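S.K.: Can you look at this? It's an experimental structure, sequence on top.
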Amino acid sequence: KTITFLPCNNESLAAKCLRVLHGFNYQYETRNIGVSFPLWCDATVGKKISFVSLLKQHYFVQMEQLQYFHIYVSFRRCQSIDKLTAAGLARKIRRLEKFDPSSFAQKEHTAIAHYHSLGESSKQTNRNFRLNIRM
Amino acid sequence: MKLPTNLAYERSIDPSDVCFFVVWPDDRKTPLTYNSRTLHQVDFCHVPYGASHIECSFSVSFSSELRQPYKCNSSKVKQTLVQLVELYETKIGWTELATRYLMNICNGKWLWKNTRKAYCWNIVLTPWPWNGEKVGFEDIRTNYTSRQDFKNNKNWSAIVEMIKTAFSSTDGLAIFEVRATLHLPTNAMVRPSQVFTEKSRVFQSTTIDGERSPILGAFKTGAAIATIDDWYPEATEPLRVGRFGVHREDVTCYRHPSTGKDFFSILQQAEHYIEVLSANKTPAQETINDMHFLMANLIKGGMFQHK
Amino acid sequence: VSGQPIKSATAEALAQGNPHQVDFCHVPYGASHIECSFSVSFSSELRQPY
Amino acid sequence: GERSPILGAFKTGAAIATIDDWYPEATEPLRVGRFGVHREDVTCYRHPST
RNA sequence: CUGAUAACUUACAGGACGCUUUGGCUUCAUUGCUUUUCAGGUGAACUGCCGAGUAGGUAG
C-alpha cells in the first residue's frame, strides 16, 4: 500500500523502511518489488512511501499500533555521486595505483543537478553510507 | 579626561595573508586548491593523497607606531598618551607583552584548527635585523607546551630583545618571516577562513601562480597573535584584545562597561596611572594588568573618538 | 552623548558583529620588488604674476 | 587592460613641498602653505595672530 | 407643500494671398581622505569490486 507519515523527519523515517526491505530480501532473496516516491518534492521526499509490485511484518506492526499510520519515473541508485565527495577521490587513487599521484588533481568547480540522500549503514560491519536516489 | 572628536592610532603589528603549500616527496612545492559545489555553493579543502606535509607562510612587523597618536586635535590628550608609553617602558617594560605576542607566532595559534589531528608541526623564524642561522622550533606539540620550554631555546633572549627595541625606539622595525610545517594524516581536513555573505561556505582566496588557493585572512591572522587578554575578572580563557573585550563563542562581552574595566573607562584614568608609575613602590598586580591591557589597545590601533 | 552607558547595549548586543568593506591591496606572493615612476618639472613660473 | 592603484598628483606634490620648518617652534617640516597647517595635530602653526 | 402649478429655440455657411534676422568673441589660476576590523556552525556520506579507463558501472 501507500504509507502515510502523520505526525516529522520523513527523509530519515522513510529510510528505515528500506532497511526492513534490505533484510527481507535475504530471508527470501527476491527482487520482484518496485519503489515509488509519488510526492517527490524538490525539497523533501513527502509523507508517501509506497511499495509497488510488508503490512504484516515485524517492524510495521508496532509502527501501526500507535496513532500514526495508515499502511514514467526512474528511482535509481547513483553511486557516481559518492565519488564526488572528496573522501572518495583518494580511495579512487589507491584503486588506480595498482605512476605519479601528483599529476592527478581536483575539479574545483562541480555542479550536482538535484541528487537526494537517505542515510544508512551495514550489518556485517559497523559502517555507514548513503542511498543516493534521483529521478 | 574627556576624549576628543579626533583620535586615532595605527597598529604596531602588521600581518599578511597566509599561503598554503603542499610538499610532495622529491621536495617540491605546489599551492593547495579546493572545490566548489552548486546544485548556495560550499567549498571543501583537503590534502591530496601523495603529499608528505604542508607549509604555511606569512610575515609580521613590530613597527612600534604606538609611540605617538596618529591624529589628535587636543594637545592635552596627546601629551598624556605620550607619557604612558614612556612610563610603562621605564617602570614595567615591554618584556611581558613581547613574550605573549611572540608565543602566538612561535606555536601555531595562528593555525586555528589545522593544528588539530597532526603528528608534529614545526616553526622556523627568519628575523630581519639579525646575524644568521634562522631560529627554528621543532616538534611543538611535545617539546613546547609551557612558556619555560620556549625560554630553554638557545635564542629566546635575542628575539624578545628585538620586539622590545622595536617598541622602545622611535624608528623600530623588526620584520619576521614565519614558516610552518604540518605533518598531517592522509587526506586531512584543512580549514581556511571564509568570506561574509548576506543571508553557504565560500573560502577567502587569492591567486598564487594562476590558480586559486585558500588564504588565512590577514585580519584573521592578527586576531590570533593578539589572543593575550586574560586580565578580566575571574579570567579562564585568554581573549582577543579589543575594547570591552568580546568572546564570540558565547556571544557576550567580558569587560562590559558596567564592570568598569573596558578600555574607555581605563583611558579616563590615564592621568591616575601616571602618579602610580612615578613612585618608588612597585604597584600591585591588579593595577599593572590594567596597564598591560592599556598598552595592548594602543598596539591594536583604532579610533577613540566621542561626540 | 552625555557620558553614561546607554542601556540598550547589553553584553549580547555589544558582542555581536560588524561587517564592513574595504579595498585591500598587497604585494603578490613570489614577486621580487615594486616599481614606482613619476615625473616633476621645475619651470620658473614664480618670476611674474600670471 | 587592468585597473591599478596610483599616488595622486596632488598627494605627490604635497611630499616634495614638506620644507617648512621655519615656523616659530620648529621641529617637524610642514607642507608649505598659507598659515602652515599640521595635519597630524589639527592646528595651524603660523596662525594670523602670530 | 419650493417668485408655486405647466414649458422643444430653431434652421444655412470657403478667411485668404506674399514674406533672407544678421555681423563679432580666450573662462582660469590653486589643492594630502584617512584611522581600525576573525563569518562561523565541515565530528557528517564509508570501503571495497570490474575495467587500459582521471570516463562509467556496481555491492552494504
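M.R.: Perfect, I can see it now. Numbers count the residues shown, from 1 in each chain, chains lettered A, B, ... in the order given.
S.K.: Just say helix, strand or coil for residue B:55.
M.R.: Classification of residue B:55 using DSSP: H, G, I helix; E, B strand; the rest coil returns strand.
S.K.: Contact partners for the nearest residue to it once chain neighbours are set aside?
M.R.: Distances taken as C-beta to C-beta, 6 or more residues apart in numbering or on different chains place residue B:21 nearest to residue B:55, at 4.1 Å, with adjacent residues excluded. The way it works is simple: take the backbone N, C-alpha and C, and place the C-beta from them, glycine included. By C-beta atoms under 8 Å, 6 or more residues apart in numbering or on different chains, residue B:21 lies in contact with B:29, B:30, B:31, B:32, B:54, B:55, B:56, B:57.
S.K.: What's the PyMOL syntax to select whichever of the residues you listed are buried?
M.R.: What follows is the PyMOL syntax selecting those of the contacts of residue B:21 that are buried according to 16 or more other C-beta atoms under 10 Å in any protein chain shown:
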select buried, chain B and resi 30+31+32+54+55+56
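S.K.: Name the nearest of the contacts of residue B:21 relative to residue A:83.
M.R.: Distance to residue A:83 across the contacts of residue B:21 (C-beta to C-beta) is lowest for residue B:32, with 21.0 Å.
S.K.: just checking, the closest one touches residue B:45?
M.R.: Yes. Using C-beta atoms under 8 Å, residue B:32 is in contact with residue B:45, at 6.9 Å.
S.K.: before we move on, the earlier item: closest to chain A out of the contacts of residue B:21?
M.R.: Of all the contacts of residue B:21, residue B:30 has the smallest distance to chain A: 7.3 Å, by C-beta to the nearest C-beta.
S.K.: Over to that closest one. Which of the three states is it?
M.R.: Of the three states, residue B:30 takes strand under three-state DSSP.
S.K.: and the closest residue to residue B:53 other than its chain neighbours, how many neighbours?
M.R.: For residue B:53, ignoring the flanking residues on the chain, the nearest one in space by C-beta to C-beta, 6+ apart is residue B:183 at 4.8 Å. When neighbours are defined as other C-beta atoms under 10 Å in any protein chain shown, residue B:183 has 14 of them.
S.K.: and if you look at residue B:122?
M.R.: Going by other C-beta under 10 Å, the residues that sit close to residue B:122 add up to 17.
S.K.: Who does it form a beta bridge with?
M.R.: With DSSP bridges as the criterion, residue B:122 is bridged to residue B:181.
S.K.: Could you pull up the residues touching it?
M.R.: So residue B:122 contacts B:136, B:137, B:138, B:139, B:140, B:180, B:181 (C-beta under 8 Å, 6+ apart).
S.K.: how close does the third one sit to residue B:125?
M.R.: It refers to residue B:138. 12 Å (C-beta to C-beta, to the nearest Å).
S.K.: So between the two, which is more surrounded?
M.R.: Taking other C-beta under 10 Å, residue B:138 and residue B:125 do not tie; residue B:125 has more neighbours (19 against 14).
S.K.: The more buried one reaches residue B:102, doesn't it?
M.R.: No. Contact criterion C-beta under 8 Å: residue B:125 and residue B:102 do not qualify, at 9.2 Å.
S.K.: any common contacting residues for those two?
M.R.: Contacts common to residue B:125 and residue B:102, judged by C-beta under 8 Å, 6+ apart, are residue B:159.
S.K.: near chain D, which residues of chain C show up?
M.R.: C:25, C:36, C:38, C:40 (C-beta under 8 Å from any C-beta of the partner chain).
S.K.: If we use 10 Å, what do you get?
M.R.: Contacts of chain C with chain D, taken as C-beta under 10 Å from any C-beta of the partner chain, map to C:23, C:25, C:36, C:38, C:39, C:40.
S.K.: how many neighbours does the second one have?
M.R.: Spelled out, it's residue C:25. Using other C-beta under 10 Å, residue C:25 is surrounded by 6 other residues.
S.K.: near RNA strand E, which residues of chain C show up?
M.R.: Within chain C, the residues that sit near RNA strand E (C-beta under 7 Å from any atom of the strand) are C:17, C:18, C:19, C:20, C:22, C:50.
S.K.: Of those, which is the most crowded?
M.R.: Result: residue C:17 is most packed of the residues of chain C next to RNA strand E (other C-beta under 10 Å), 8 neighbours.
S.K.: How about the contacts made by it?
M.R.: Counting by C-beta atoms under 10 Å, 6 or more residues apart in numbering or on different chains, residue C:17 touches B:196, B:246, B:248, B:251.
S.K.: Spell out which parts of chain B neighbour chain A.
M.R.: Proximity of chain B to chain A (C-beta under 10 Å from any C-beta) is limited to residues B:22, B:24-26, B:28, B:30, B:32-39, B:41, B:43-51, B:186-187, B:189, B:211-212.
S.K.: Just the buried ones among those residues, please.
M.R.: The neighbour count (16+ other C-beta under 10 Å) marks B:22, B:24, B:30, B:32-37, B:43-51, B:187, B:212 as buried among these.
S.K.: Inside strands: which ones of those residues?
M.R.: Counting by DSSP state E, the part of those found in strands is B:22, B:24, B:30, B:37, B:212.
S.K.: so how far is residue B:193 from the fourth one?
M.R.: Taking C-beta to C-beta as the measure, residue B:37 and residue B:193 are separated by 19 Å.
S.K.: Show me which of the contacts of residue C:17 are buried.
M.R.: The neighbour count (16+ other C-beta under 10 Å) marks residue B:246 as buried among the contacts of residue C:17.
S.K.: and RNA strand E, which of the contacts of residue C:17 reach it?
M.R.: Among the contacts of residue C:17, the ones lying near RNA strand E by C-beta under 7 Å from any atom of the strand are B:196, B:248.
S.K.: wait, which of the contacts of residue C:17 is closest to residue A:66?
M.R.: For these, the nearest to residue A:66 is residue B:251 (40.5 Å; C-beta to C-beta).
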